[PDB]
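For reference, the structure is listed below as structure tokens.
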């Protein structure tokens, strides 16, 4: 259970930094301006209404959920510091009753923290559910606009699936970068937000879902930009290839892709939250089994003492080490401003060229 707890914590913490950055990109998205086309006023208002709801979903995550996930790390640290302390306090000839008191104190903490993880899982499950509905309904606003300007709905839908497909690649590259950097002592996570497509001027730039996450090592040395550059540039390319689509349909499409991308992050958060809740479940079960087996007299104090002792010398070390690195990295995220005349792909491409020069390669 100690390693299950470790893996749950690592997966939820890394994914939490990913959806956090995605939510920031949704919050920073500027309303769409189709002022130059009075006949698209209705579409402009439907798109800004859906965007407002997306910003509220993102805000809900940042303010109401992110802190519970960070609280979970702290709860893991307190749990294991407490289990460890039991090991150092219980003297030699401690009675069954004293051991039952001690087991009780750790089971109470574990159940308290299991319930916090469970409530976190429900809250993210609900947000994911709402995002599935809102992102699915948003697509009708885009088709409707495409119909108002007699665009080809086949070409639009193809672009939508192509962007979904490249977003899996971008997500997987960001996930691998963050997982790989989460447990580096002295390492930091670096994020940037920027337009998802190449810029062209009077169209509203879409930063929603335009994210980069990279690592920084000793001396602020960026890692991950070379890897990430490939999938970011590919998205920019896929948009470039549909410059025959109406400009406003393209913007509307970019928000839709950002709305679906947000729902994808929330599904990843559900999966991580489930894995963490299952880890707590197996921790409380183990304690309940030790509580019953000591009472049934199937085990004894001596076994329990050695069980907690070994744990404290072994897998608990890894968890406690992880809790400290994870809190530093989640608290030390470095936010890079992207200039208004650079896409997220442009920005990372420039960081990738700097990364090549630092590697002399």
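Numbering (our numbering), first residue to last: 12 to 372.
Using N, Cα and C, we set each Cβ at its ideal position, and we do this for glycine too.
**Prompt:** What is the DSSP secondary structure of residue 41, reduced to helix, strand or coil?
**Reply:** Look at residue 41 here: in three-state DSSP terms it is coil, with no helix or strand label.
**Request:** Name the residue from 142, 327, 52 whose alpha carbon lies nearest to the alpha carbon of residue 94.
**Result:** The shortest Cα separation from residue 94 among 142, 327, 52 belongs to 327.
**Residue closest to residue 195, alpha-carbon to alpha-carbon, out of 23, 234, 177** = Residue nearest to residue 195 within the set 23, 234, 177 is 234 (criterion: CA-CA distance).
**Item:** Local conformation of residue 215 per DSSP, three classes
**Value:** Note: residue 215 maps to coil in three-state DSSP.
**Asked** Distance, Cα to Cα, residue 296 vs residue 21?
**Response** Residue 296 and residue 21 have their C-alpha atoms some 21 Å from each other.
**Message:** Tell me the residue span of the beta strand (DSSP E) that contains residue 185.
**Reply:** For residue 185, no beta strand (DSSP E) encloses it; the enclosing alpha helix (DSSP H) starts and ends at 164-193.
**Request:** May I have the straight-line CA-CA distance separating residue 25 from residue 161, to the nearest angstrom?
**Result:** Going from the Cα of residue 25 to the Cα of residue 161 covers about 43 Å.
**Request:** Keeping to the same chain, check which residues put their C-beta closer than 8 Å to that of residue 320; ignore five residues upstream and five downstream.
**Result:** Within its own chain, the residues whose Cβ lies closer than 8 Å to the Cβ of residue 320, once the five positions on either side in sequence are excluded, are 98, listed in chain order.
**Prompt:** Which ranges would you report for the alpha helix (DSSP H) in the region 95-166 if only whole runs of at least 4 residues count?
**Reply:** Counting only runs that start and end inside the region 95-166, the alpha helix (DSSP H) elements of at least 4 residues fall at 107-159.
**Whole-Å CB distance - residue 121 paired with residue 77, under 8 Å assumed** = Rounded, the Cβ-Cβ distance is 23 Å, inconsistent with contact.
**Request:** Report, in whole angstroms, the separation of the C-beta atoms of residue 62 and residue 305, which I expect to be a contact under 8 Å.
**Result:** Separation of the CB atoms of residue 62 and residue 305 is rounded to 57 Å, and the pair is thereby denied contact status at 8 Å.
**Request:** Would you kindly work out how many angstroms separate the C-alpha atoms of residue 317 and residue 310, rounded to a whole number?
**Result:** Their Cα atoms are separated by approximately 12 Å.
**Prompt:** Does any heavy atom of the ligand NAP sit closer than 6 Å to the C-beta of residue 170?
**Reply:** Absent from the structure shown: the ligand NAP. Ligands present: none.
**Prompt:** Between the Cα of residue 126 and the Cα atoms of 189, 79, 301, which residue gives the shortest distance?
**Reply:** For the options 189, 79, 301, the alpha carbon positioned closest to that of residue 126 is the one of 79.
**Message:** Only counting the same chain, and skipping five residues up and downstream in sequence, which positions put a Cβ closer than 8 Å to that of residue 361?
**Reply:** 353.
**Prompt:** Helix, strand or coil: how does DSSP classify residue 354 here?
**Reply:** Assignment of residue 354 by DSSP, reduced to helix, strand and coil, places it in the strand class.
**Item:** Cutoff 8 Å; reference residue 66; Cβ partners in own chain excluding five residues on either side
**Value:** Taking C-beta separations shorter than 8 Å and ignoring five residues to either side along the sequence, the partners of residue 66 in its chain run 37, 38, 40, following chain order.
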